[PDB]
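Peer 1: Sending over data_13.cif (mmCIF, C-alpha atoms).
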data_run
#
loop_
_atom_site.label_atom_id
_atom_site.label_comp_id
_atom_site.auth_asym_id
_atom_site.auth_seq_id
_atom_site.Cartn_x
_atom_site.Cartn_y
_atom_site.Cartn_z
CA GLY A 1698 8.69 6.39 0.13
CA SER A 1699 5.25 7.71 -0.76
CA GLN A 1700 3.57 6.24 2.33
CA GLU A 1701 1.38 8.96 3.84
CA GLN A 1702 -0.47 8.62 7.12
CA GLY A 1703 -4.06 7.45 6.68
CA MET A 1704 -3.53 6.70 2.97
CA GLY A 1705 -6.51 5.25 1.10
CA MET A 1706 -8.64 5.36 4.25
CA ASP A 1707 -11.12 7.80 2.70
CA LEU A 1708 -11.62 5.22 -0.03
CA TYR A 1709 -11.92 2.61 2.73
CA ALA A 1710 -15.11 4.25 3.97
CA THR A 1711 -16.69 4.88 0.56
CA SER A 1712 -16.04 1.48 -1.09
CA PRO A 1713 -17.51 -1.80 0.20
CA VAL A 1714 -14.93 -3.48 -2.01
CA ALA A 1715 -11.76 -1.84 -0.77
CA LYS A 1716 -13.22 -2.16 2.70
CA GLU A 1717 -13.30 -5.97 2.67
CA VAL A 1718 -9.74 -6.12 1.30
CA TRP A 1719 -8.25 -4.17 4.20
CA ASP A 1720 -10.43 -6.25 6.49
CA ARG A 1721 -9.26 -9.68 5.32
CA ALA A 1722 -5.76 -8.25 5.63
CA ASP A 1723 -6.19 -6.94 9.15
CA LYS A 1724 -8.12 -10.03 10.20
CA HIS A 1725 -4.96 -11.89 9.23
CA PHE A 1726 -2.32 -9.63 10.80
CA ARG A 1727 -4.15 -9.33 14.11
CA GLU A 1728 -4.79 -13.02 14.55
CA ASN A 1729 -1.32 -14.05 13.41
CA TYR A 1730 1.20 -11.34 14.21
CA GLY A 1731 -0.86 -9.60 16.84
CA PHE A 1732 -1.20 -6.10 15.39
CA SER A 1733 -3.34 -4.17 12.91
CA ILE A 1734 -1.93 -2.55 9.78
CA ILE A 1735 -5.04 -0.43 9.55
CA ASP A 1736 -4.26 1.17 12.92
CA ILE A 1737 -0.63 1.65 11.96
CA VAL A 1738 -1.88 3.43 8.85
CA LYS A 1739 -4.74 5.46 10.36
CA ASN A 1740 -2.84 6.85 13.32
CA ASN A 1741 0.91 6.42 12.90
CA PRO A 1742 2.34 5.12 16.19
CA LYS A 1743 5.93 5.99 17.07
CA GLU A 1744 5.70 2.70 18.93
CA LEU A 1745 3.44 -0.33 19.18
CA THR A 1746 3.50 -3.53 21.17
CA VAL A 1747 1.84 -6.93 20.80
CA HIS A 1748 0.81 -9.30 23.58
CA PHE A 1749 0.97 -13.10 23.73
CA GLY A 1750 -1.96 -13.61 26.08
CA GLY A 1751 -4.28 -16.57 26.42
CA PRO A 1752 -4.96 -19.42 23.99
CA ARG A 1753 -5.02 -17.11 20.93
CA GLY A 1754 -2.00 -15.33 22.32
CA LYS A 1755 0.38 -18.24 22.74
CA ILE A 1756 -0.17 -19.12 19.06
CA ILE A 1757 1.04 -15.66 18.05
CA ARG A 1758 4.45 -15.76 19.73
CA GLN A 1759 4.69 -19.09 17.98
CA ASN A 1760 4.98 -17.19 14.70
CA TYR A 1761 7.44 -14.71 16.17
CA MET A 1762 9.49 -17.68 17.28
CA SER A 1763 9.16 -19.45 13.94
CA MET A 1764 10.89 -16.62 12.08
CA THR A 1765 14.04 -17.95 10.42
CA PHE A 1766 16.95 -15.83 9.19
CA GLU A 1767 19.97 -16.87 7.06
CA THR A 1768 23.64 -15.81 7.38
CA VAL A 1769 26.57 -18.19 6.68
CA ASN A 1770 30.00 -18.16 8.38
CA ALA A 1771 33.23 -17.12 6.59
CA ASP A 1772 34.16 -20.85 6.64
CA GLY A 1773 30.96 -22.12 5.02
CA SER B 50 1.58 10.10 -4.64
CA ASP B 51 2.37 10.90 -8.28
CA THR B 52 5.98 9.71 -7.94
CA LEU B 53 6.06 7.43 -11.03
CA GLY B 54 3.96 10.07 -12.79
CA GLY B 55 6.37 13.01 -12.71
CA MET B 56 8.91 10.28 -13.41
CA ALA B 57 7.19 9.19 -16.62
CA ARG B 58 6.60 12.85 -17.49
CA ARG B 59 10.33 13.45 -17.24
CA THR B 60 11.17 10.54 -19.58
CA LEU B 61 8.79 12.23 -22.05
CA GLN B 62 10.87 15.41 -21.99
CA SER B 63 14.43 14.05 -22.10
CA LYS B 64 13.94 11.26 -24.67
CA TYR B 65 10.46 11.19 -26.17
CA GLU B 66 10.17 14.82 -27.28
CA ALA B 67 10.57 14.09 -31.01
CA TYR B 68 9.06 10.59 -31.05
CA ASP B 69 5.68 11.76 -29.73
CA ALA B 70 5.58 14.90 -31.92
CA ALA B 71 6.38 12.84 -35.03
CA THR B 72 4.33 9.69 -34.36
CA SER B 73 1.30 11.79 -33.38
CA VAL B 74 1.16 9.80 -30.12
CA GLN B 75 -1.34 11.21 -27.62
CA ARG B 76 -0.20 10.64 -24.03
CA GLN B 77 -2.16 10.95 -20.78
CA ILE B 78 -0.43 10.38 -17.42
CA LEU B 79 -2.84 9.76 -14.54
CA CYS B 80 -2.01 9.35 -10.86
CA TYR B 81 -4.65 7.76 -8.61
CA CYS B 82 -4.86 10.59 -6.11
CA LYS B 83 -4.50 13.72 -8.26
CA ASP B 84 -6.15 12.63 -11.53
CA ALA B 85 -8.91 10.82 -9.65
CA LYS B 86 -12.03 11.41 -11.74
CA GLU B 87 -10.55 10.86 -15.21
CA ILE B 88 -9.73 7.30 -14.21
CA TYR B 89 -13.33 6.52 -13.24
CA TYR B 90 -14.76 8.34 -16.26
CA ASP B 91 -16.74 10.77 -14.08
CA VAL B 92 -17.50 14.19 -15.60
CA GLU B 93 -20.37 16.68 -15.21
CA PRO B 94 -22.71 17.81 -18.08
#
Show this structure as structure tokens.
Peer 2:
Amino acid sequence: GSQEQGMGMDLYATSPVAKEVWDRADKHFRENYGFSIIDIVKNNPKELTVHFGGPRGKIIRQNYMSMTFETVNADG
Amino acid sequence: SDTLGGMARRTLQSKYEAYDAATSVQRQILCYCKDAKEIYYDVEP
């Protein structure tokens, strides 16, 4: 609820510590889910799309595919 | 934002009015954003 655009980005620039945190995070997200949370935070997109391109791209949609979700029937 | 801050301030008014005044408890509510410098112990001479 308190998420404001560009939050804690000022601190990003001024702290070599906080910097590396966001980095390791982004590094992850980009290479695994194919987007950057830093971008999403800096400039808030009303829309954003990922792309399952070459070698490194096929491995991403793999994760999107390997997303499991549980709901049982009314008969068990 | 200071969401939990004005939340913990409000629990100090509705319940803790007498407890703090009696016990002599000093209370200091600091949000990251607003109360920035008092966290990092940065003051000028």
Peer 1: Enumerate, in order of chain and increasing residue number, the residues of chain B with an atom no farther than 12 Å from stretch 1701-1723 of chain A, each with its shortest atom pair and distance in Å to one decimal, counting all atoms listed in the file, as a tab-separated table.
Peer 2:
residue	atom	partner	partner_atom	distance
B:50	CA	A:1701	CA	8.6
B:81	CA	A:1705	CA	10.2
B:82	CA	A:1705	CA	9.1
B:85	CA	A:1708	CA	11.5
Peer 1: Quick one: write out the picked residues with C-alpha atoms as a PDB file, in the frame of the given file?
Peer 2:
ATOM      1  CA  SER B  50       1.580  10.100  -4.640  1.00  0.00           C
ATOM      2  CA  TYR B  81      -4.650   7.760  -8.610  1.00  0.00           C
ATOM      3  CA  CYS B  82      -4.860  10.590  -6.110  1.00  0.00           C
ATOM      4  CA  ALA B  85      -8.910  10.820  -9.650  1.00  0.00           C
TER       5      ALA B  85
END
Peer 1: Might you spell out which residues the PyMOL selection byres ((chain A and resi 1747-1764) around 6) would select in the displayed file, as a list in words?
Peer 2: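 The output of the PyMOL selection byres ((chain A and resi 1747-1764) around 6) on this file is residues 1729, 1730, 1731, 1746 and 1765 of chain A.
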Peer 1: Between B:72, B:60, B:77, B:52, single out the one closest to residue A:1698, counting all atoms listed in the file.
Peer 2: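 Of B:72, B:60, B:77, B:52, the one nearest residue A:1698 is B:52, counting all atoms listed in the file.
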Peer 1: Write out as an MDAnalysis selection string each polymer residue whose atoms come within 10 Å of residue B:51, counting only C-alpha atoms; drop sequence neighbours fewer than 6 positions from it.
Peer 2: (chainID A and resid 1699) or (chainID B and resid 57 78:84)
Peer 1: Hey, can you check how far atom CA of residue B:90 sits from atom CA of residue B:76?
Peer 2: 16.7 Å
Peer 1: With 6 Å of padding per side, what axis-aligned box (centre and edge lengths, Å, one decimal) covers all the listed atoms of stretch 55-64 of chain B? Give it as JSON.
Peer 2:
{"center_x": 10.4, "center_y": 12.3, "center_z": -18.7, "size_x": 20.1, "size_y": 18.2, "size_z": 24.0}
Peer 1: Hey, can you check how far atom CA of residue A:1741 sits from atom CA of residue B:54?
Peer 2: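 According to the coordinates, atom CA of residue A:1741 and atom CA of residue B:54 are separated by 26.1 Å.
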Peer 1: What does the structure give for the distance between atom CA of residue B:87 and atom CA of residue B:63, in Å to one decimal?
Peer 2: 26.1 Å
Peer 1: Just want the 12 Å neighbourhood of residue B:61, counted on only C-alpha atoms, with same-chain residues fewer than 3 positions away dropped. Output as a PDB file with C-alpha atoms, keeping the file's coordinate frame.
Peer 2:
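As a result, out_35.pdb now contains:
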ATOM      1  CA  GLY B  54       3.960  10.070 -12.790  1.00  0.00           C
ATOM      2  CA  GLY B  55       6.370  13.010 -12.710  1.00  0.00           C
ATOM      3  CA  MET B  56       8.910  10.280 -13.410  1.00  0.00           C
ATOM      4  CA  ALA B  57       7.190   9.190 -16.620  1.00  0.00           C
ATOM      5  CA  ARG B  58       6.600  12.850 -17.490  1.00  0.00           C
ATOM      6  CA  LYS B  64      13.940  11.260 -24.670  1.00  0.00           C
ATOM      7  CA  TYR B  65      10.460  11.190 -26.170  1.00  0.00           C
ATOM      8  CA  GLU B  66      10.170  14.820 -27.280  1.00  0.00           C
ATOM      9  CA  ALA B  67      10.570  14.090 -31.010  1.00  0.00           C
ATOM     10  CA  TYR B  68       9.060  10.590 -31.050  1.00  0.00           C
ATOM     11  CA  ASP B  69       5.680  11.760 -29.730  1.00  0.00           C
ATOM     12  CA  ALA B  70       5.580  14.900 -31.920  1.00  0.00           C
ATOM     13  CA  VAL B  74       1.160   9.800 -30.120  1.00  0.00           C
ATOM     14  CA  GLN B  75      -1.340  11.210 -27.620  1.00  0.00           C
ATOM     15  CA  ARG B  76      -0.200  10.640 -24.030  1.00  0.00           C
ATOM     16  CA  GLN B  77      -2.160  10.950 -20.780  1.00  0.00           C
ATOM     17  CA  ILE B  78      -0.430  10.380 -17.420  1.00  0.00           C
TER      18      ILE B  78
END
